[PDB]
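Shown next, in structure tokens, is the structure this report addresses.
All chains are identified by letter, namely A, B, C, D and E, in their written order; residue positions are counted from 1 within each chain.
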Amino acid sequence: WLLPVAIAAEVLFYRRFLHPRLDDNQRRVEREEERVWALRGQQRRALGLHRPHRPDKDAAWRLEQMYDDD
Amino acid sequence: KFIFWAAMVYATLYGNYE
Amino acid sequence: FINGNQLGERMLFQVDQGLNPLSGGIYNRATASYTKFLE
Amino acid sequence: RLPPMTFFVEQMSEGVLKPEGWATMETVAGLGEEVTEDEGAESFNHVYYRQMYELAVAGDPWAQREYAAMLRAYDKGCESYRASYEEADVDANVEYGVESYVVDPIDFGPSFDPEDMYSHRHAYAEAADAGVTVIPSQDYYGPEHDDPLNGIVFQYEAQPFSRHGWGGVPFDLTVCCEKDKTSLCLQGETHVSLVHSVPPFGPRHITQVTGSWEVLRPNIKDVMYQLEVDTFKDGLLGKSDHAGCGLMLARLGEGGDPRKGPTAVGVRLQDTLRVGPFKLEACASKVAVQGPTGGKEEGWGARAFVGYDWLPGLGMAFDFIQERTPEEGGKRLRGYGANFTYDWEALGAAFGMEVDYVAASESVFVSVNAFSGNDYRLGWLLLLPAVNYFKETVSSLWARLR
Amino acid sequence: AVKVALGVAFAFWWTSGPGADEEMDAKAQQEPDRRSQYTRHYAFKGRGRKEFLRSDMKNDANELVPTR
């Protein structure tokens, strides 16, 4: 009876309310990470040194699973 | 028997010091 | 936590759906909770 | 209504014990310069500084020098340690803002639940330190759609009567409390240690007092009190021989009042000895419990461990109980048991074997465990139960086809 | 292939020993279990309480620090 209306309402509620909020929060997280690496490059530009040599994105999400300090 | 008298042998010889 | 005494808001949602046409029934069980820590 | 007397006999005979001592303030012991650990040196320092305080008060410039030098190191270490507190507070106010640090939630294992449904309730701000420690206490069967933890256990530990870090009376306390609108659980334990002498001022002579209480409403409607006084000395038969004696009193107070109810009185001894190549540690106990209405019931218990130089890997222990129920002339009920363990390494694996003998029912229990962190060569014995299951499958599949 | 055949072939001979049911009765006749490890516990509820065994207590070291 109403149960498919409940399923459609749950799918619509997810796809119109929950997905963009999590996407927005994640995008703020990568912009904060890019700010971190810009500051590190600026610090090594203040001396006469080289660039900090960040790792690639695969290493970024893998270390996001396997940190030791924060 | 065994753990009444010898349970006071240790008590008496601990009292013999202090 | 602003020196203890947390501030903000929290929302939780949970959906349970029965997929068996097996001894259990077809059911849909939904729960939503919303908490706001306001100054 | 009192517990069985085998509970008291097991509780009063559990091996060679050792009491609680003095803990030292590390910056004033070994004044300024870094130290190391040794029991006799710390025990010497604690009684030495009380002695030098008494002599310095009486006059005596040589004692006044030592006590003033200790006071100088004490002030310097205290100011350094509060400076470290200020530095840590400033570093925390820099690293986070006005925000606080948050603990890990407790892991309860797997469930048929989304496992972060209630994990936000056990992530809280720290508070860092107040003196006591708390742990939550959990039951075996929790509610179906909730977290299983119900009670709180508090733990406190101190050394009250010290002068400047030269302590007096080690003390600790533990209380478990579960309170809801139906029941009430309240258990508690306290220990107090009193040191009479340490070498070279004497031999090591320490007594210990333990108290404990049990309340469980509305199941029992009586409370349980226990008190233990037990004394240890290193010596009495030779140099460095760890002997000890003790007594225990217990009551089931009716209505909570400790003046009425059945009582239990017990005494215990411990010793170690070294003869030939055999080192043995033995303890023994006798309990004289009162029944609900029957009167005297008495029991004897003993434990022994026989350490052996040669073959330094064989462990062997022996245990004994004797029961004396009423009609004592023909109801002596004995019981004794033996336990052996050994340990090998072979095939890239670590083997451990344990043989147990109960000697009333003449049964030998053997249990071997192995651990191969290198390969799966240890799985060749896995063909033993896999055959019989097939022999219990076809024989089922025959009988299910008839 | 040879190993998983020979191991099962030896298991058929070694598992087919005579009787094979009196030892089931001998093992299950001792319905009292193997004796389990002793811990100090409370009388009413059986929660563990702390022990003072010398071979464990001789490794312990504490200290004193000022409070904040």
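Here, contacts are C-beta pairs under 8 Å (C-beta built on N, C-alpha and C of every residue); 3 or more make two chains touch, one makes a residue touch a chain.
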C-D or D-E, whichever has more C-beta pairs in contact: D-E
Inter-chain centre distance, chain C versus chain E - centres from mean C-alpha coordinates, in Å: 42
Mean-CA-position distance for chain B and chain A (Å): 74
Approximate Å spacing (C-alpha centroids) for the pair chain B, chain D: 26
Euclidean distance of C-alpha centroids - chain A vs chain E, Å: 48
Complete list of chain pairs which touch one another: A-C, B-D, C-D, D-E
Residues of chain C touching chain A in the complex: 13, 15, 17, 26, 28, 30
Complex contacts: residues of chain E adjacent to chain D: 4, 7-8, 11-12, 15, 30, 32, 34-35, 38, 40, 42-45, 47, 49-54, 57-58, 61-68
For the chain D and chain E complex, residues of the former touching the latter: 3, 7, 10-11, 14-20, 23-26, 37, 78, 81-82, 85, 129, 131, 137, 159, 162, 165, 167, 174, 176, 185, 187, 189, 208, 212, 214, 216, 219-220, 224, 242, 337, 356, 358, 361, 363, 365, 367, 380, 383-384, 387-388
Residue ranges of chain C in contact with chain D within the complex: 1-4, 6, 10, 12, 14
Complex contact set, residues of chain D against chain B: 196, 203, 205, 231, 233, 236, 243-245, 267-269, 284-286, 300
